[PDB]
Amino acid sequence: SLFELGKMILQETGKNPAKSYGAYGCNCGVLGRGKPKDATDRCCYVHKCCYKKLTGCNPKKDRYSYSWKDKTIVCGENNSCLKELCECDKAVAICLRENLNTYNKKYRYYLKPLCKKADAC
């Protein structure tokens, strides 16, 4: 769910998830998967493919239970969809922290439409 998603990203990334990634680039942010501008983008480009392989659950509404155990996010959901969705989010929260050095803030809010085309998930 996005209530979870953000918690990990603020945890893993240390930033406020709406101002840093709410709308950064072609993929991250709002409706649309454009073609990745940089890496703190394609972290999102993939998070969106991740999400589209799930079936017994809503990527944006269902809530699950994850943990911040000894500075790490850990999922324990057993629900084969809530769990495999936790992981999905867990990985972007990391990738997003991971490529925080190439992060560029010119893209903070990019004109979505003016963006390349997406590849196929």
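Just count from 1 along the sequence shown to find any residue number.
Look at the C-alpha B-factors of 24-32 and of 59-67. On average they run higher in 24-32. Between 110-118 and 2-10, the higher mean Cα B-factor belongs to 110-118. When all modelled residues of the chain are sorted by CA temperature factor, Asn99 is found within the lowest third.
The entry lists a Cα temperature factor for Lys90 that places it in the lowest third of the chain's modelled residues.
Ranked within its chain, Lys48 lands in the lowest third, by CA B factor from the PDB record.
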